[PDB]
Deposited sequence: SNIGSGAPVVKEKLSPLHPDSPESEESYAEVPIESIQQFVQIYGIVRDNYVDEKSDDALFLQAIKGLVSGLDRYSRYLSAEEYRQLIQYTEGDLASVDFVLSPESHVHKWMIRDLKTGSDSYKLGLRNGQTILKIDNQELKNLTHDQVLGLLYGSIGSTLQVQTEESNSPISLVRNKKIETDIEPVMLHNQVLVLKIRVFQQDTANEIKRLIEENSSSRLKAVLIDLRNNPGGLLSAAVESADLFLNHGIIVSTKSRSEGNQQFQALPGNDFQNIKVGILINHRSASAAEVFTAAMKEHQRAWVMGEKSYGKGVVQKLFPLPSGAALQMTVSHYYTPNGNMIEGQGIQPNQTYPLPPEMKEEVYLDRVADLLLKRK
């Protein structure tokens, strides 16, 4: 790359010699490294030795929230914030009230709609506006959140399985909840994947394999990991069971793999709004400096060959949560649409 190397050192020299402020070579190369890695996609980046030490503590694909909780007291106030935590260092304190999360007012939202904004993949970012501070604050979802499928039997005999994240036991837990509620009365199963940031790819593949006897569930394009293709397997465990999937703009990664597999094999009717559009596998690359690189090494592809990253999954029938409609009413109306198939 002699022609490119020559252009780079020429520019480096002009920057070092004419920028208003004299910068160190260590600072200039660090700016060059950030552009080299972050210029690949919106998820690849350089990690400082500390950002790396912090990221190794978390398991990849865990559901997480902030290092505190919000509770309504006549106003969503901060509570359980531990002294010395990253949020404490940024200025947050127990008692302060949060008015917005990612420009969305918490007035009129339920405890669930607030968790919907607070929850996300571990390591992810969110902004908060406090009534005290006059400016927004960037926080990191660094607190792992344990979850189980949340089942609800609707009056119309539709079993709703709320999956906030795919975990090692998700597939076995879907099997158990459907069977424990299965009978001549069960009409259909509605899988609520709204606000599901993903979780384990293997769990989404196993979950889809419960309802598919053949065909590719998902394919991966990778140079360092190789081009894999996960195929479904025979087993009429769930053949006569009608299935629906509910997604929102926060449904992502593994949740999109599962949704796409079920939709493109026409096994489930997908309702809601277009998914987030995140279909990447990242790997951490330690450096001698102690720092590291977080980089995309694989892209997920749907059975029809569609790239999930940047596109997202379009539902079979668009029906987002209408403005200020009550949650349990939206669930019932979504269940009604599924029964009319």
item: Missing stretches, numbered from 1 on the deposited chain sequence and kept in order; value: 1-31, 106-108, 376
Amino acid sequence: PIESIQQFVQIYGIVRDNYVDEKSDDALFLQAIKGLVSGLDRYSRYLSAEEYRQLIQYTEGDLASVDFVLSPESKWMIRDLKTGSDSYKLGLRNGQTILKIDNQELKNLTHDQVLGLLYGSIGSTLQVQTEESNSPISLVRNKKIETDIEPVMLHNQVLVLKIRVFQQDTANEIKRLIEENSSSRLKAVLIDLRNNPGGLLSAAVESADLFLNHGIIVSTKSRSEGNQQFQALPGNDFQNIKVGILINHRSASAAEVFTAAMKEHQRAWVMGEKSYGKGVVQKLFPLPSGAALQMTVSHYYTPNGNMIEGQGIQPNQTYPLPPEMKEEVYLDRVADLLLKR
From here on, numbers count along this sequence of modelled residues.
{"property": "Average Cα temperature factor in the PDB entry - higher stretch of 276-284, 52-60", "result": "52-60"}
{"property": "200-208 or 92-100, whichever carries the higher mean Cα B-factor", "result": "92-100"}
{"property": "Criterion, highest CA B-factor; candidates, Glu131, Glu256, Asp80, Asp86", "result": "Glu131"}
{"property": "Identity of residue with top Cα B-factor, from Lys162, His155, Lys263, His249", "result": "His155"}
{"property": "Position of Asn108 among the chain's modelled residues by C-alpha B-factor, lowest, middle or highest third", "result": "highest"}
{"property": "CA B-factor placement of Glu173, once the chain's modelled residues are sorted into thirds", "result": "middle"}
{"property": "Record-listed C-alpha B factor of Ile5: chain third", "result": "lowest"}
{"property": "CA B-factor ranking of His214, expressed as a third of its chain", "result": "highest"}
{"property": "Third assignment of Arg194 from its chain's C-alpha B-factors", "result": "lowest"}
